[PDB]
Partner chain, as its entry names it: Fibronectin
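Here we start with a single chain on its own, the form deposited without the partner chain, put down as structure tokens.
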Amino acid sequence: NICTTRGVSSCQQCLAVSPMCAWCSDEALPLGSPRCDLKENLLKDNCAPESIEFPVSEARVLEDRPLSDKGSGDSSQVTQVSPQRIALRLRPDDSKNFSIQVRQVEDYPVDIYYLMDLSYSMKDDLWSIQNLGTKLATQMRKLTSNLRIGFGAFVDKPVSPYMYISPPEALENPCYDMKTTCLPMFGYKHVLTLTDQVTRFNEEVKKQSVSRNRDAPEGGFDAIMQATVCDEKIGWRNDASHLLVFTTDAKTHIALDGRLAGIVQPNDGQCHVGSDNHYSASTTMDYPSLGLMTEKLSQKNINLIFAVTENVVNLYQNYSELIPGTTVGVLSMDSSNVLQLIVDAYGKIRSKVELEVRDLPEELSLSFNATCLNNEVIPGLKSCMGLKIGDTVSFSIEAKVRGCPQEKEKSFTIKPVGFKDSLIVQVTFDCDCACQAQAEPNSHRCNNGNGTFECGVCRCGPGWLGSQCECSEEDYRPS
């Protein structure tokens, strides 16, 4: 077998050969028997049961609270992932499997932040949404006991290629040549912090008005970033679904577009919204890239909804295909359907489960088999689709290690997209035999102090060879 045919040089080397191998660590074994073998062969050669030094993998659940039937009231006690913490033991080439189980709990809290394009074509929309808060709370009452709504608005960076800068009147009223009034241009502004006083949405929306800009693309991704990362400013709860509802009728600027304005500092993904609720870095820092937006949307557990008009639906579909936990819906040219658009998009955001993995060590890899509906199996897939609110799904996960890691313990997190319920895996590596606690260099027995202590058999320093270190290695001899 593989254990006996490689060199029996130490117990540590023997365990590194294959997951099947074991090592006899005391002198009762007959000389010429290979000390590294399958444990049953060490028992055939009468090795003592405590001497066989055979670690075997295990996966023990340290925290295992049951899945909740209701999202209402219980707050921090609501549980959507079945094992919360697991201890996992591995050895230098082995694999071990464990099961995670996930539920789309019903009547869970919801935070809706409404992020609105306020370019000049959006006046029909801004007139149509002026009573949206009480309509939205009336429909969402079917789906959640505990809704919060908030509001913010965007146009684009207030800088030369994008905003009107002559005549001087156009700085104060960008609509002067249209013989009407609109606001000075702004990049992003926060308006209403997430609140369950639903009438505040109706009050704050009636006080807004549009602005105007030169080119067709809008600065909306710069606003999605600040609505993501400014936690205490926006008001996102820990224990809720987060919906970021992004509305526009236009295409958008992207990272590296800011170079036409003389803006070349990369977006840092920090919060820059001040005491005046305006985004202060707007004129000095570039637009976000899709990878940086994807990172922050995942880090903050947000689900993004692109509510966009027919002339740009395919553009935002092809961006949605690059961002996890994201969807698109066809907005009316006056926002008159946005209520059903939010309610249907929340359904499309709960008809999935998909697993993120975080902090996974370079020595590990994972593979997933998904159960989904009707006790089926889909192999190799981190996802389920066609689900409903109230459904429960299972995944079987297998982890494998490549060699022995140099740190004996580490941890990593398995988590559904859009939730903070998670499974924490703690990994421990059994590359070492227990007898190594009794090791000694230049030890007694063996031969003339040339042997490191046995763990089962003497190990030589330089110049020497043999099972008691009894022969010099400088050339082969019988003595």
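Residue numbers count along the first chain shown, from 1.
Beyond what is shown, the protein has a form solved in complex with the partner chain; the following relates to that form.
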Is it the case that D344, even though its partner is missing from this view, gets within 4.5 Å of the partner chain in the deposited complex, heavy atoms only? no
Is there a non-hydrogen atom of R91 within 4.5 angstroms of a non-hydrogen atom of the partner chain in the deposited complex? no
Heavy atom of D215 within 4.5 Å of the partner chain in the deposited complex: yes
Look up in the deposited complex whether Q77 has a non-hydrogen atom within 4.5 angstroms of the partner chain, and give yes or no. no
Please pick, from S119, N303, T144, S282, the one residue with any non-hydrogen atom lying within 4.5 angstroms of the partner chain in the deposited complex. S119
Quick one: of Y164, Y113, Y108, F186, which gets a non-hydrogen atom within 4.5 angstroms of the partner chain in the deposited complex? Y164
Please pick out the stretch from 177-185, 144-152, 95-103, 387-395 that is in contact with the partner chain in the deposited complex, where contact means heavy atoms within 4.5 Å. 177-185
Contacts with the partner chain in the deposited complex, stretch 227-253 (heavy atom within 4.5 Å): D249
